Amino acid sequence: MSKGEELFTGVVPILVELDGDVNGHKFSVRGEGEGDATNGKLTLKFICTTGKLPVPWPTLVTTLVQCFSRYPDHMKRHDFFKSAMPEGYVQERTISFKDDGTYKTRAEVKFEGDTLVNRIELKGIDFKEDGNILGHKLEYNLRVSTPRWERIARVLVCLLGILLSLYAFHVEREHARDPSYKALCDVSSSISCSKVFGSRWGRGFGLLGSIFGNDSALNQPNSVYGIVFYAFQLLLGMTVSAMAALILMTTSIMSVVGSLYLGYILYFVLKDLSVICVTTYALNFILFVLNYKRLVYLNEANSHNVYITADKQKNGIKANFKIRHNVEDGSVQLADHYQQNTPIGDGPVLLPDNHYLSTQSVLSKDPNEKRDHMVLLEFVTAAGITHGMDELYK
């Protein structure tokens, strides 16, 4: 509902110039690219023109054009950023890092010809020398994720289980051709792989084969279900969703209960030892631990939400939020963001109602690029105000 929104009905080129001074370490960044507000899409490439960057790139994303956010149809009325165009607006921000220094940024975002320009000035103080920032101890992404442990461990445990399932599959496929065949885990009686894999409990867990038949494709050797379990847990573990919580939790419950059941078979009815099956029980225990830890790690206390509220005293807007960067050691670095924006001109702007912007960031690297740089893809949307029931009829 602005006259500046009409300047965003298509693809707009974007220039970004930053001159920063962090505890004496001085640098300058220049990033160029384009933005399509119609889809909230941003495609930018940033380079440090002064050689090496003294800070982790993720700590500058929030600082390096919310006027490219795709607003829903009914929320156009609350799009302050577009309204301040072409004359532009000043965006000021303070970023406080827990147990570390503080950034102060003043940026002017305005139209120069066809180009949307963002000229930034940054000064950071009170940073530690061996800290996470000036120590470059931050991962390269803006993800709301669990640390490198548990992720590496999930993929590791899943792959180990998959390989053990393949080996069990082959052992069973050969005990069916020649019962007299020593697998690497057949050391004697009481300790045999083939005894458990050739058992009635080796196909379909001993059950389900008497309900569909011993010839149906559903009565596969348990190692097939194992492969599917570990592989699916992997593919869904990459994703971070509550749906994933449901799926993985049901599968984990079934895994642990069936593990104790098959172990009961091992110790009691079969009176035999299988270190591979015990290993699988351990793997299952781990996967339950991971699903549980992730369930409690879904706390509120992917994309990040920045909550915009009006600022009438300033004829502008305010925002305040938190970015959570992941440290490689396993800890978390909290950056509290404190933002305020005011138009540069004396023209009329949109004072919005409370809402927020969902921001989805993806960082990458250009392989044929020797300078220090960052490739940034972003998707920003407006939300927090639902379209009301349509009543005006009759």
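Residue indices: 1-based, along the sequence shown.
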{"query": "Length class of the unmodelled deposited segment, which would lie between residue 64 and residue 65", "finding": "1 to 3"}
{"query": "Residues with no coordinates between residue 296 and residue 297, taken from the deposited sequence as a class", "finding": "none"}
{"query": "Selected stretch [higher average CA B-factor]: 146 to 154 or 220 to 228", "finding": "146 to 154"}
{"query": "Residue, from 133, 257, 75, 109, that the PDB entry assigns the highest Cα B-factor", "finding": "257"}
{"query": "Peak C-alpha temperature factor (PDB record), options 91, 252, 96, 118", "finding": "252"}
{"query": "Modelled-residue ranking by C-alpha temperature factor, third containing residue 127", "finding": "middle"}
{"query": "Lowest, middle or highest third - CA B-factor, residue 288", "finding": "highest"}
{"query": "Chain-relative CA temperature factor third for residue 320", "finding": "lowest"}
{"query": "For residue 329, the third of its chain into which the C-alpha B factor falls", "finding": "highest"}
{"query": "Chain-relative CA temperature factor third for residue 300", "finding": "highest"}
